[PDB]
Number of protein chains: 4
Amino acid sequence: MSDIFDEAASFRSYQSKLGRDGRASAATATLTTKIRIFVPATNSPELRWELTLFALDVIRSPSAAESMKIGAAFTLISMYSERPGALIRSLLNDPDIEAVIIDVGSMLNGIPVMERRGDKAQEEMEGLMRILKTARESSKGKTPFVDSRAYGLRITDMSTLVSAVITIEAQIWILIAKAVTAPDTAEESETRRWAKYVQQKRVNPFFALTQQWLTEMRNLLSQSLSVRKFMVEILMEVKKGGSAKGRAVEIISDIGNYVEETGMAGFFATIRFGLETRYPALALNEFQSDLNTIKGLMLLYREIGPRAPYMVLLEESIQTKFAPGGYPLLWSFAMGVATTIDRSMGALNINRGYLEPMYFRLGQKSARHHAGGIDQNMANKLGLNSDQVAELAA
Amino acid sequence: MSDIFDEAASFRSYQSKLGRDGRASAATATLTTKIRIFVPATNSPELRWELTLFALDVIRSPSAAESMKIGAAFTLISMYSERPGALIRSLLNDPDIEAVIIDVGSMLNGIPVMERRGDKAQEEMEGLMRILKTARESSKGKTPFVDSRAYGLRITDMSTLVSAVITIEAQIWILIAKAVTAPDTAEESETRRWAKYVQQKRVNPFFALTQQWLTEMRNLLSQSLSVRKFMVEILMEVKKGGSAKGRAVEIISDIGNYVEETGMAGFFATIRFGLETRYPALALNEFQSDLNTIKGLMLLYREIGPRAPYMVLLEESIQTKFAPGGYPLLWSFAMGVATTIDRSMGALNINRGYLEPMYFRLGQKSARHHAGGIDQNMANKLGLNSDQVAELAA
Amino acid sequence: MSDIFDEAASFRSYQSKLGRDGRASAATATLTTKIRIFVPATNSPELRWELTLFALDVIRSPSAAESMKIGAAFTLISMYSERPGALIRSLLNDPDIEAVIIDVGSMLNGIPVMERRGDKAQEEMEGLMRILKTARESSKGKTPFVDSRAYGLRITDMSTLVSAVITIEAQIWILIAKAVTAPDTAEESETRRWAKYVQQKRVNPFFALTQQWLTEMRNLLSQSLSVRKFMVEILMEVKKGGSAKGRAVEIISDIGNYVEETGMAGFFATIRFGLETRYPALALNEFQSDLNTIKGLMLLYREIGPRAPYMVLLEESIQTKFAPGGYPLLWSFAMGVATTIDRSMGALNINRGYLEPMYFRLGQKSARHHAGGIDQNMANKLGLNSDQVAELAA
Amino acid sequence: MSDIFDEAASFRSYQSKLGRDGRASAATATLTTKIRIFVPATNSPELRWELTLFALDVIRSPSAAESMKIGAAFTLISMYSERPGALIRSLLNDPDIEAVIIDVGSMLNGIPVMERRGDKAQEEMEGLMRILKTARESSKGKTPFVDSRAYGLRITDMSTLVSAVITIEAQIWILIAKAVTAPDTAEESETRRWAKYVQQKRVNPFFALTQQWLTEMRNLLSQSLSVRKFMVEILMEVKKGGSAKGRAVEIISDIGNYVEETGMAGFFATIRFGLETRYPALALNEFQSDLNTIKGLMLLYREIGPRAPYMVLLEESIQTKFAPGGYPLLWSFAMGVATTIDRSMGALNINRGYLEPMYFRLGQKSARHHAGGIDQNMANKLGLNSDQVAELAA
RNA sequence: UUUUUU
RNA sequence: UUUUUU
RNA sequence: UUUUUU
RNA sequence: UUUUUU
RNA sequence: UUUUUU
RNA sequence: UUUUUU
């Protein structure tokens with residue numbers, strides 16, 4: 001009767017937020033891994049330049065352990081800040097890892113431990129020398145930068161160090177946009193971002209890393225989750241306005257503008273196209289369940305919080321519920337109308353197992369052959385029937 | 001049902017202002033660069049004239065470091081004020097740089113440090129002499145001014161110094177309008193502004209810098225963000241009325257009238273043409289999402305504050321969300337009707353990847369062949385059907 | 001009549017807080033002096049030990065400039081903190097001086113500048129070498145510590161460094177109690193404090209500086225006001241409870257317990273003895289004005305704020321109004337009863353020009369020969385007349 | 001007039017809580033020392049017995065570093081708990097030190113590191129062997145226990161291990177009562193406590209450590225503040241009732257009953273004797289200031305919190321204000337009446353510099369020759385005048 | 001600063 | 001201005 | 001700490 | 001930017 | 001990202 | 001799970 005079909009809606013709403021309530025216990029505590037991070041102790045430009053060169057070499061090194069690579073990545077990311085240790089310690093929310101901040105102090109060819117020399121330090125020094133030697137020998141004499149003069153470059157001016165560091169941060173931060181979604185199909189959007197930032201003169205093109213180093217760093221970023229979590233935390237903190245933003249922070253926020261809502265193109269495309277742009281072909285007895293699921297998904301997305309856009313980057317378990325597969329019909333309709341309407345829509349790889357070609361064809365027809373689609377008109381267009389006819393005439 | 005398609009609007013509104021709340025921490029502090037600024041200590045016209053000649057030479061100098069160029073630019077901009085040091089210190093909001101104000105004191109061919117002569121001063125003196133020599137030799141004997149007599153000119157009268165300084169400030173401030181949007185396509189609007197100010201007799205044409213110096217200064221301004229931030233802060237402070245405005249301040253505000261809303265022509269054109277000038281072809285099921293996005297953008301623009309018009313100049317990350325690409329359909333419609341209606345509209349370079357030629361054609365037709373477009377008439381024009389027919393007859 | 005003698009009280013109350021209202025302008029800005037502070041960049045014990053040895057040598061050095069001595073003192077005081085630069089920058093309220101924090105980085109015999117070596121650094125290195133040589137030659141081969149082995153001691157363990165640093169901070173902080181009140185008559189209370197802290201095992205007596213170095217440091221502390229202001233700010237910050245206190249902080253607070261209310265023994269003795277311990281000889285027509293002045297002084301002291309106890313250390317101008325001389329009669333009475341009652345009271349040098357021997361004799365008599373002094377008894381001692389007689393019998 | 005002498009009370013009350021308000025900053029952060037703690041990983045009795053034997057040897061060792069001694073003490077104290085690591089981590093509030101909990105795992109003659117054997121482990125093994133050898137050689141073949149058979153004793157039963165561990169904890173916890181007050185004058189009250197616990201059969205006398213080991217451990221406890229802080233935290237946590245108490249916890253609480261209010265005998269004796277036991281000789285114009293100070297001290301003690309009784313153990317700076325010296329007159333009176341009344345009172349060493357023999361004699365007379373001291377009688381003893389006379393007749 | 005008993 | 005004890 | 005009666 | 005009348 | 005006029 | 005544009 002009347003009561004049923006509403007009890008169903010309440011049941012689905014309750015099932016969506018079924019057990020996602022309360023607070024968990026500390027028993028489910030992940031084992032922690034020690035990660036050694038080399039941060040610059042002082043503000044001298046030469047020390048910071050040598051440190052970032054060392055971090056580039058370590059990241060490029062093939063014999064480097066994963067923990068050393070994560071340490072080098074953390075050193076690189078926090079290089080712009082005047083207090084990298086404070087930035088790392090105050091913007092770390094990774095239960096998987098524990099970070100031991102190490103102030104570099106002075107600067108040799110590698111790093112001088114300067115803590116009980118001879119006792120448990122010489123082995124670390126030889127290890128760092130081996131890492132550097134393997135990094136330099138692995139490449140065919142090619143420096144990490146696309147320009148050989150950028151590697152063996154002496155930096156003593158603060159402005160030059162700042163420019164080079166900003167360029168390195170920009171080139172690193174380009175990769176996060178398509179690091180886990182489709183790392184193989186990258187180097188096109190990344191090149192577009194690099195060209196955009198070069199044309200804006202925000203980055204000096206002299207310090208441009210080669211594509212081999214970029215591929216290695218992207219592979220490291222995709223393999224590791226702690227680096228992604230740290231960078232997402234940095235993005236969230238920068239997104240919060242209120243204070244003055246520096247050049248590095250502004251570049252990071254501009255990149256995060258592209259980073260947001262990555263890996264969830266299906267859901268947002270479904271929203272924008274199938275749900276909005278109201279077409280008379282919506283209520284047809286095969287889209288009502290999908291509409292209810294979509295509404296529940298919007299409520300869940302609002303409930304998640306500030307980490308919702310970067311759900312794929314943090315690899316949230318909630319992301320699976322957002323993926324198409326629970327609403328294949330409306331999703332297929334929406335991507336059909338998207339591919340017919342948006343030219344850019346159509347390069348997306350959507351050869352899934354629930355394509356529903358009938359509904360894709362229905363959406364394709366609904367986009368063009370359906371009708372002009374005159375929605376409720378606040379202004380009284382009494383004589384616009386001929387206008388609608390002319391618009392549909394194309 | 002009824003509830004859906006409104007939950008969507010609330011979801012998009014919440015997603016727009018998703019994480020832009022709260023206050024950030026001091027951990028994300030950009031590394032600061034020392035910038036040396038030479039300000040005139042006294043009000044003697046000869047000292048100020050020599051100082052601005054030195055600043056012109058330093059800016060024109062090719063061997064000058066970037067920090068020295070920024071110092072010379074800051075010296076030039078604050079030259080009009082009777083207390084340049086106070087103006088710089090009370091109108092600086094650049095976290096990227098720290099300014100060390102240096103009172104010039106006396107005036108030699110370069111600048112006399114007059115602080116422990118011999119100790120850490122002789123090297124600076126030789127450096128300044130090298131800068132001046134390189135600046136003079138780099139040009140083919142051409143002075144920065146278009147008139148050779150304007151360079152080696154003795155100034156002892158306050159009025160002549162004021163006139164020359166005002167001319168230099170005007171010619172510098174013309175460049176900010178098209179410094180980052182399209183610096184290459186400049187020298188047309190800049191020449192138009194210069195002709196306008198010459199015809200108004202606000203600037204004395206004798207102190208007219210050559211186009212080579214203007215190109216060098218524009219390149220420096222585009223490369224550097226601190227100078228842009230300082231000049232935008234000056235524009236914002238001058239825009240606030242209430243006090244008496246001097247000739248320099250009035251010229252600066254008149255230039256800022258053109259400076260405002262630069263680099264965002266797409267968004268404002270979309271507003272003015274597609275949104276306003278209500279055409280019966282608006283509600284057609286492919287513009288509703290764009291309308292919602294545009295409304296959210298207006299709310300965001302109102303929320304930003306007084307820095308909203310100069311978003312491109314400060315290179316805000318929020319500017320990316322305002323750029324066309326998130327609403328290509330309504331944007332294309334609006335630029336179509338603009339190019340058909342506004343003659344000046346059409347010189348804009350809009351060969352983007354989301355042009356949507358079908359909607360551009362639809363807007364072109366909507367501008368002329370659609371209808372006369374009679375909106376709600378407060379006055380009862382019962383007999384104006386023939387008037388509308390005659391108006392449409394063209 | 002009745003109205004008069006109350007208008008007088010209101011007049012004196014208004015005269016006390018006559019012009020101490022409103023906010024001052026920035027025109028009265030003291031000229032600032034640059035002070036170079038060498039802080040340890042890292043946490044390595046050897047670097048910190050070498051740095052504090054260098055600071056001890058600089059303080060002991062006779063050829064050192066005053067600014068260098070203040071820098072060495074600031075380096076010494078903030079040595080215990082893990083972030084000396086942050087502690088100095090967040091606890092500095094000295095308009096007289098500006099502090100340029102310098103991270104030491106590495107550690108040579110002196111300090112390596114490690115910033116454009118050769119350019120404006122070699123002269124500083126030779127200056128530091130001259131400072132060290134003069135410091136070592138000035139003494140008759142005597143190390144700053146009372147033990148010659150404590151100077152040329154290698155420190156690699158964190159615990160030993162912490163113990164030595166705590167001892168040095170304690171021995172430095174003993175001097176502030178009697179640095180400006182009576183520096184010449186010191187070395188008795190200072191020795192008592194040192195013995196107290198040795199018996200408590202809070203300080204290791206091996207790192208005990210000689211008395212010559214202590215005298216030099218006390219002279220430097222008395223000469224300089226910025227060091228006193230910084231140490232008073234540290235005392236005020238430590239006094240505020242709420243957080244966990246370390247060994248250094250606990251020692252500093254324990255010393256500040258003695259530091260408080262220094263240099264104002266006359267006023268507080270007058271309060272405690274003349275005002276409290278109510279004697280029938282108070283209201284005698286020569287103490288009413290002094291009572292009114294004392295009440296006004298209490299109101300002023302409450303109004304001053306948290307800096308009231310350390311008024312002599314900061315050399316407040318308000319301290320002059322608190323000194324005896326505006327109420328010599330009641331002050332003389334109070335010191336008379338104090339010298340008769342308190343055995344320790346009597347070592348105070350009070351041979352002032354307003355001693356009023358008649359009132360001193362009156363107080364001496366009031367202490368003993370006056371009466372037993374039975375105040376209002378809450379418990380009804382109906383039979384205690386004989387008890388009072390026996391008590392007065394002595 | 002009437003207003004004065006109350007403004008004085010308000011002034012003293014405000015001066016007592018002068019600057020003890022607000023929250024301190026993190027700039028005043030003490031440097032932290034790494035402390036290595038060896039905790040038993042499993043519950044096997046043999047492993048725990050070997051671990052506590054090793055800790056006893058390390059504490060007795062003269063060549064052991066202070067950090068190793070603190071680690072051994074922490075291992076000993078938390079030995080009773082089934083999860084020593086959790087107990088240490090959840091009951092540590094020492095900003096001076098950082099604790100790195102180390103699970104022992106297996107058990108060799110010393111401790112097997114069992115973490116990358118050969119790499120940075122062999123040196124630690126040789127160090128532990130040297131520590132054990134020096135500990136065994138330093139003594140004249142004397143085991144830490146008073147019985148030679150208790151050292152080389154095999155423990156495989158859980159009950160025997162529990163009994164031995166409880167005995168060791170008891171003998172360690174006896175020392176805290178007089179570790180910092182008068183460690184030299186100990187071994188009398190400690191022997192009395194040991195005899196009390198032996199007569200109660202709570203501790204098995206077979207595991208009785210020799211007096212040399214007890215003296216060494218007491219010296220270590222007096223030297224170190226972190227161990228005292230940890231043990232005081234344990235005492236505070238145990239004092240909070242509500243849960244079931246084990247034998248070790250009950251013994252610890254019984255010992256803490258004696259531990260409480262240590263090192264503050266002067267203040268509490270002054271309270272109990274001078275303030276309570278109301279004598280007609282109180283209000284005599286030389287005790288009113290002391291009464292006000294005592295009231296302020298009671299308010300401060302109530303305001304301090306649960307850490308108030310163990311103020312001397314934590315070496316609070318607030319303890320100095322509680323010590324006699326700010327109220328020598330009432331203190332002398334109270335100790336006089338105490339020495340006349342309480343037989344145990346009189347062994348206290350009170351040969352201070354502010355004894356005031358006149359007031360001590362006055363208190364001695366007030367105790368006996370003053371009067372019977374009949375206070376307000378709720379029951380109407382109309383005929384008890386002869387009873388009071390007989391009571392005074394003695 | 002502290003030196004009792006409990 | 002200041003010269004004790006704590 | 002405790003040493004009665006009940 | 002401005003180019004009338006008043 | 002941006003390329004008009006004002 | 002993901003593969004557009006921005």
# chains A, B, ... in the order shown; residues from 1 in each chain; ligands from 1

call {"tool": "select_by_dssp", "arguments": {"residues": "stretch 60-285 of chain B", "states": "strand (DSSP E or B)", "output": "list in words"}}
result
residues 97, 98, 99, 100, 101, 102, 103, 145 and 209 of chain B

call {"tool": "residues_around", "arguments": {"residues": "residue F:1", "least_positions_apart": "5", "cutoff": "10 Å", "atoms": "only C-alpha atoms (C1' of nucleotides)", "output": "VMD selection string"}}
result
chain C and resid 180 to 181 263 to 264 312 315 319 to 320 323

call {"tool": "interface_residues", "arguments": {"of": "chain B", "to": "chain A", "cutoff": "7 Å", "atoms": "only C-alpha atoms", "output": "list in words"}}
result
residues 5, 11, 18, 19, 20, 21, 22, 23, 24, 27, 28, 29, 30, 31, 33, 95, 96, 223, 280, 283, 284, 285, 286, 288, 289, 316, 317 and 370 of chain B

call {"tool": "write_last_selection", "arguments": {"atoms": "N, CA, C and O atoms", "output": "tab-separated table (two decimals), in the first residue's frame"}}
result
chain	number	residue	atom	x	y	z
B	5	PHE	N	17.34	16.53	-6.88
B	5	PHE	CA	17.63	17.71	-7.69
B	5	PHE	C	17.71	18.98	-6.85
B	5	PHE	O	18.06	20.04	-7.38
B	11	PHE	N	24.51	19.74	-2.38
B	11	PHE	CA	25.77	19.01	-2.46
B	11	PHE	C	26.82	19.80	-3.22
B	11	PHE	O	27.98	19.88	-2.79
B	18	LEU	N	34.27	23.39	0.30
B	18	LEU	CA	34.48	22.10	0.96
B	18	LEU	C	35.43	22.21	2.14
B	18	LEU	O	35.04	21.98	3.29
B	19	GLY	N	36.69	22.55	1.88
B	19	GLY	CA	37.69	22.59	2.93
B	19	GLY	C	38.26	23.97	3.18
B	19	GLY	O	39.26	24.11	3.89
B	20	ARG	N	37.64	25.00	2.60
B	20	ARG	CA	38.11	26.37	2.75
B	20	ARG	C	37.55	27.00	4.02
B	20	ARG	O	36.81	27.98	4.00
B	21	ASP	N	37.93	26.41	5.16
B	21	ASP	CA	37.48	26.87	6.46
B	21	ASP	C	38.59	26.63	7.48
B	21	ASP	O	39.43	25.74	7.30
B	22	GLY	N	38.58	27.42	8.54
B	22	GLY	CA	39.57	27.30	9.59
B	22	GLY	C	40.79	28.16	9.34
B	22	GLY	O	40.86	28.95	8.40
B	23	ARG	N	41.78	27.98	10.21
B	23	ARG	CA	43.03	28.72	10.14
B	23	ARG	C	44.19	27.75	9.99
B	23	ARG	O	44.24	26.71	10.67
B	24	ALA	N	45.12	28.08	9.11
B	24	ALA	CA	46.28	27.24	8.87
B	24	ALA	C	47.32	27.45	9.97
B	24	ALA	O	47.24	28.37	10.78
B	27	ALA	N	53.57	26.07	10.40
B	27	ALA	CA	54.56	25.11	9.91
B	27	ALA	C	54.86	25.33	8.43
B	27	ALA	O	56.01	25.23	8.00
B	28	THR	N	53.83	25.64	7.64
B	28	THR	CA	54.00	25.89	6.21
B	28	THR	C	54.44	27.33	6.00
B	28	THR	O	53.70	28.19	5.51
B	29	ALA	N	55.69	27.60	6.37
B	29	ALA	CA	56.29	28.92	6.26
B	29	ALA	C	57.32	28.90	5.14
B	29	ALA	O	58.29	28.13	5.21
B	30	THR	N	57.13	29.74	4.14
B	30	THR	CA	58.04	29.79	3.01
B	30	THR	C	59.38	30.38	3.43
B	30	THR	O	59.45	31.25	4.30
B	31	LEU	N	60.46	29.89	2.82
B	31	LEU	CA	61.78	30.44	3.06
B	31	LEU	C	61.84	31.87	2.53
B	31	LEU	O	61.37	32.16	1.43
B	33	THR	N	63.74	35.51	1.44
B	33	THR	CA	64.91	36.03	0.76
B	33	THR	C	65.12	37.48	1.14
B	33	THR	O	64.18	38.28	1.14
B	95	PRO	N	54.98	37.20	2.28
B	95	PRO	CA	55.72	36.21	3.08
B	95	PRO	C	56.94	35.65	2.39
B	95	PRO	O	57.82	35.11	3.07
B	96	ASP	N	57.03	35.77	1.06
B	96	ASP	CA	58.17	35.20	0.34
B	96	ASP	C	59.46	35.97	0.61
B	96	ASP	O	60.54	35.37	0.62
B	223	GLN	N	58.26	38.19	-14.25
B	223	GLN	CA	59.03	37.14	-13.58
B	223	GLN	C	58.80	37.16	-12.07
B	223	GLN	O	58.70	36.10	-11.45
B	280	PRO	N	15.64	33.58	-24.36
B	280	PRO	CA	14.81	32.37	-24.21
B	280	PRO	C	15.56	31.05	-24.39
B	280	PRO	O	15.01	30.00	-24.05
B	283	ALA	N	17.42	28.15	-20.57
B	283	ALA	CA	16.99	26.90	-19.95
B	283	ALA	C	16.72	25.88	-21.05
B	283	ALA	O	15.64	25.85	-21.65
B	284	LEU	N	17.72	25.04	-21.33
B	284	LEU	CA	17.63	24.08	-22.43
B	284	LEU	C	18.24	22.73	-22.04
B	284	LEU	O	18.59	21.93	-22.92
B	285	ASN	N	18.36	22.45	-20.74
B	285	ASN	CA	18.86	21.21	-20.15
B	285	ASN	C	20.36	20.99	-20.35
B	285	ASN	O	20.86	19.95	-19.91
B	286	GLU	N	21.08	21.90	-21.00
B	286	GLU	CA	22.53	21.81	-21.05
B	286	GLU	C	23.21	23.01	-20.42
B	286	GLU	O	24.44	23.10	-20.46
B	288	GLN	N	21.89	24.28	-17.15
B	288	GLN	CA	21.51	24.39	-15.75
B	288	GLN	C	22.69	24.13	-14.82
B	288	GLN	O	22.87	24.83	-13.82
B	289	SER	N	23.51	23.12	-15.14
B	289	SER	CA	24.70	22.87	-14.34
B	289	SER	C	25.67	24.04	-14.40
B	289	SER	O	26.27	24.42	-13.39
B	316	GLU	N	46.37	33.67	-7.47
B	316	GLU	CA	45.63	32.88	-6.50
B	316	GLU	C	45.28	31.51	-7.08
B	316	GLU	O	45.01	31.36	-8.27
B	317	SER	N	45.30	30.50	-6.21
B	317	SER	CA	44.89	29.16	-6.63
B	317	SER	C	43.39	29.11	-6.89
B	317	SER	O	42.92	28.24	-7.64
B	370	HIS	N	17.20	35.13	-33.22
B	370	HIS	CA	16.34	34.49	-32.24
B	370	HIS	C	15.00	35.21	-32.12
B	370	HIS	O	13.95	34.66	-32.46

call {"tool": "atom_distance", "arguments": {"atom1": "atom CA of residue D:205", "atom2": "atom CA of residue D:231"}}
result
23.4 Å

call {"tool": "select_by_dssp", "arguments": {"residues": "stretch 128-366 of chain C", "states": "helix (DSSP H, G or I)", "output": "ChimeraX atom specification"}}
result
/C:128-138,148-150,158-178,189-199,211-223,226-239,247-259,265-275,288-304,311-314,318-322,328-341,357-366

call {"tool": "interface_residues", "arguments": {"of": "chain I", "to": "chain B", "cutoff": "6 Å", "atoms": "only C-alpha atoms (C1' of nucleotides)", "output": "PDB file with N, CA and C atoms (P, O5', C5', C4', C3', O3' and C1' of nucleotides), in the first residue's frame"}}
result
ATOM      1  P     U I   2      41.927  30.900 -18.609  1.00  0.00           P
ATOM      2  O5'   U I   2      42.873  32.105 -19.037  1.00  0.00           O
ATOM      3  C5'   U I   2      42.894  33.320 -18.301  1.00  0.00           C
ATOM      4  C4'   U I   2      43.885  34.289 -18.891  1.00  0.00           C
ATOM      5  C3'   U I   2      43.676  34.620 -20.361  1.00  0.00           C
ATOM      6  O3'   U I   2      42.732  35.662 -20.537  1.00  0.00           O
ATOM      7  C1'   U I   2      45.956  34.089 -19.970  1.00  0.00           C
ATOM      8  P     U I   3      41.872  35.769 -21.887  1.00  0.00           P
ATOM      9  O5'   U I   3      42.790  36.633 -22.861  1.00  0.00           O
ATOM     10  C5'   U I   3      43.364  37.864 -22.432  1.00  0.00           C
ATOM     11  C4'   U I   3      44.476  38.307 -23.350  1.00  0.00           C
ATOM     12  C3'   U I   3      44.031  38.734 -24.746  1.00  0.00           C
ATOM     13  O3'   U I   3      44.880  39.775 -25.237  1.00  0.00           O
ATOM     14  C1'   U I   3      45.490  36.876 -24.913  1.00  0.00           C
ATOM     15  P     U I   4      44.561  41.324 -24.923  1.00  0.00           P
ATOM     16  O5'   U I   4      43.458  41.740 -25.998  1.00  0.00           O
ATOM     17  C5'   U I   4      42.104  41.346 -25.833  1.00  0.00           C
ATOM     18  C4'   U I   4      41.141  42.222 -26.594  1.00  0.00           C
ATOM     19  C3'   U I   4      40.975  43.645 -26.074  1.00  0.00           C
ATOM     20  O3'   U I   4      41.946  44.540 -26.589  1.00  0.00           O
ATOM     21  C1'   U I   4      38.848  42.653 -26.345  1.00  0.00           C
ATOM     22  P     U I   5      42.367  45.857 -25.767  1.00  0.00           P
ATOM     23  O5'   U I   5      41.023  46.708 -25.653  1.00  0.00           O
ATOM     24  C5'   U I   5      40.504  47.424 -26.766  1.00  0.00           C
ATOM     25  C4'   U I   5      39.109  47.932 -26.492  1.00  0.00           C
ATOM     26  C3'   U I   5      38.989  49.009 -25.425  1.00  0.00           C
ATOM     27  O3'   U I   5      39.248  50.307 -25.931  1.00  0.00           O
ATOM     28  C1'   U I   5      37.375  47.323 -25.034  1.00  0.00           C
TER      29        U I   5
END

call {"tool": "atom_distance", "arguments": {"atom1": "atom CA of residue D:174", "atom2": "atom CA of residue D:57"}}
result
19.4 Å

call {"tool": "decode", "arguments": {"residues": "stretch 271-294 of chain B", "atoms": "C-alpha atoms", "output": "PDB file, in the first residue's frame"}}
result
ATOM      1  CA  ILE B 271      28.371  36.554 -16.624  1.00  0.00           C
ATOM      2  CA  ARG B 272      27.538  39.738 -18.518  1.00  0.00           C
ATOM      3  CA  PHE B 273      26.521  38.109 -21.808  1.00  0.00           C
ATOM      4  CA  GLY B 274      25.267  34.582 -21.133  1.00  0.00           C
ATOM      5  CA  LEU B 275      23.706  35.196 -17.730  1.00  0.00           C
ATOM      6  CA  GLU B 276      22.420  38.757 -18.059  1.00  0.00           C
ATOM      7  CA  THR B 277      20.668  39.805 -21.287  1.00  0.00           C
ATOM      8  CA  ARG B 278      18.124  37.054 -20.665  1.00  0.00           C
ATOM      9  CA  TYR B 279      17.568  34.999 -23.862  1.00  0.00           C
ATOM     10  CA  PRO B 280      14.814  32.369 -24.211  1.00  0.00           C
ATOM     11  CA  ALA B 281      17.552  29.854 -25.156  1.00  0.00           C
ATOM     12  CA  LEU B 282      19.004  29.678 -21.628  1.00  0.00           C
ATOM     13  CA  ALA B 283      16.990  26.895 -19.952  1.00  0.00           C
ATOM     14  CA  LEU B 284      17.630  24.078 -22.429  1.00  0.00           C
ATOM     15  CA  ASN B 285      18.863  21.211 -20.152  1.00  0.00           C
ATOM     16  CA  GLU B 286      22.527  21.810 -21.053  1.00  0.00           C
ATOM     17  CA  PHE B 287      23.014  25.108 -19.187  1.00  0.00           C
ATOM     18  CA  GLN B 288      21.508  24.388 -15.746  1.00  0.00           C
ATOM     19  CA  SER B 289      24.703  22.866 -14.337  1.00  0.00           C
ATOM     20  CA  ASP B 290      26.673  25.810 -15.720  1.00  0.00           C
ATOM     21  CA  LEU B 291      24.189  28.210 -14.105  1.00  0.00           C
ATOM     22  CA  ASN B 292      24.618  26.482 -10.740  1.00  0.00           C
ATOM     23  CA  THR B 293      28.409  26.581 -11.091  1.00  0.00           C
ATOM     24  CA  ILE B 294      28.228  30.274 -12.015  1.00  0.00           C
TER      25      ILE B 294
END
